[PDB]
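**Student:** Need coordinates for the following:
(one chain, ligands or ions: 2)
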Amino acid sequence: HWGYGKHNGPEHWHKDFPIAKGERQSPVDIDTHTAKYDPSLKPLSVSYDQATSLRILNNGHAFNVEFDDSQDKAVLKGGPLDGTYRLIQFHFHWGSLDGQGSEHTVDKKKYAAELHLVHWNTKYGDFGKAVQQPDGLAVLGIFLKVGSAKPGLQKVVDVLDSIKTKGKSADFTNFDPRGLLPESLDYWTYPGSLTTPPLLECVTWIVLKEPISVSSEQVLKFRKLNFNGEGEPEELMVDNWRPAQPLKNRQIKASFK
Ligand SMILES: NS(=O)(=O)c1c(F)c(F)c(Sc2nc3ccccc3s2)c(F)c1F
Ligand SMILES: [Zn+2]
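**Tutor:** Numbers count the residues shown, from 1 in each chain. Ligands and ions are numbered 1, 2, ... in the order given. Below, you will see the structure:
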C-alpha cells in the first residue's frame, strides 16, 4: 500500500513503519557550511572492474539494475567505511519536472535526479541480514542535473520501454556502472536509513559532491515509466523521492577542503 501519491506518500509512511520518525532517517539536507572537513577520512575506493549486471526490474516504485553479489566483484571500501561492501543493485529517484527529484539536497538545492548504488557489508554474509544491522549498508549517492547526455547511461534509458509497468523485468547483462561516475570522488558522509519502507536505520550514506549531467531526453524517458501494472490505469512513475528529514543530533562529514 505505501507509495508516492496523496494518500500513501511519505507523510503517511510512519503509520505502517514508525521508524519513519526515528533518530537517523534519510535523506537529509547537506548544509555545506556546517559539514565538518575531516582530514582523517580515507579516499573512497570504488572497485567496479569486475561488475556483473544481470537484470533490470520495475518494482512499482523505481527501476532496479541488479548485480550478481555472490562473489567479491564490485566493491566499495575505504572512505568512512570499515569493512568491504558488495554492490547488489542501483536505482534512481527523479521528478515530474527538472526542478525536483533528488532525495538529498545541498543547501536546500534539489537536483533533477539521484542515483543510488546500494552495497552490503560482507561481514553479514548477505543483503537480507545486512539490513538488520546498523552498519549493514553503504549507499553511494550521485546527483543528476540536466544538460549534456551521459553516454554511459544510455543503455539503461534504451531498455526502459521493455519494463514499462510494475513487475516487468528484462535481462540486463554487461552494464558497466563506472560509466555513471563523475570525475571527482569528493564526498559527504553521515549515518542514516533506507529512504523507502521499511526505512531501516542501516545505511552509511556516501554522497558525491560532483553531479553527473544527463540530457533532458534521458530524464524524459525515466518519466514514461509507470507505478501501475500492465492491467491498469496509467500513473506515470514521477516524484518517487522522499523529502529531507530532520538531522537531529547527527554530524555530516566532508572528505574535502
Ligand atoms: N533509497 S535507498 O538506497 O535507501 C534503497 C535501498 F538501499 C534499497 F536497498 C532498496 S530495495 C530494498 N529491498 C529490501 C528488502 C528487505 C528489506 C529492506 C529492503 S530495501 C530500496 F528500495 C531503496 F530505496
Ligand atoms: Zn534510493
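
**Student:** Run through the residues of the stretch 151-257 of the chain sitting next to ligand 1.
**Tutor:** Contact residues (C-beta under 6 Å from any ligand atom) of the stretch 151-257 of the chain with ligand 1: 194-196, 198, 200, 203. Bear in mind the C-beta positions are built from the backbone N, C-alpha and C, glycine included.

**Student:** Show me which of the residues you listed are buried.
**Tutor:** Among these, those buried by neighbour count (16 or more other C-beta atoms under 10 Å) are 194-196, 200, 203.

**Student:** For residue 42, which non-adjacent residue is closest in space?
**Tutor:** Nearest residue to residue 42 in three dimensions, chain neighbours excluded: residue 78, at 4.2 Å (C-beta to C-beta, 6 or more residues apart in numbering).

**Student:** Now that neighbour: phi and psi?
**Tutor:** Torsion angles at residue 78 (phi, psi; degrees, to the nearest 10) stand at phi 60, psi -140.

**Student:** give me every residue that touches residue 34.
**Tutor:** residue 252 (C-beta atoms under 8 Å, 6 or more residues apart in numbering).

**Student:** Among the buried ones among the residues of the stretch 151-257 of the chain next to ligand 1, which are located in strands?
**Tutor:** When these are checked against strands (DSSP state E), the matches are residue 203.

**Student:** picking that back up, which one of the residues of the stretch 151-257 of the chain next to ligand 1 is nearest residue 133?
**Tutor:** residue 200 (9.1 Å; C-beta to C-beta).

**Student:** ok so residue 66 is a helix residue?
**Tutor:** No: using DSSP: H, G, I helix; E, B strand; the rest coil, the secondary structure at residue 66 is strand, not a helix.

**Student:** That one and residue 57 touch, don't they?
**Tutor:** Yes: the pair residue 66 / residue 57 is scored as a contact, 6.7 Å apart, by C-beta atoms under 8 Å.

**Student:** What parts of the stretch 1-150 of the chain come near ligand 1?
**Tutor:** 116, 118, 131, 137, 139.

**Student:** Show me which of those residues are buried.
**Tutor:** The buried subset of those (16+ other C-beta under 10 Å) comprises 116, 118, 131, 137, 139.

**Student:** and the two most separated of these?
**Tutor:** 116 and 131 (14.3 Å).

**Student:** Assign a three-state SS to the spatially most distant residue from the centre of the chain, would you?
**Tutor:** In the chain, the residue that sits farthest from the middle, by C-alpha atoms, centre = their mean, is residue 231; the gap is 28.2 Å. Following three-state DSSP, residue 231 is assigned to coil.
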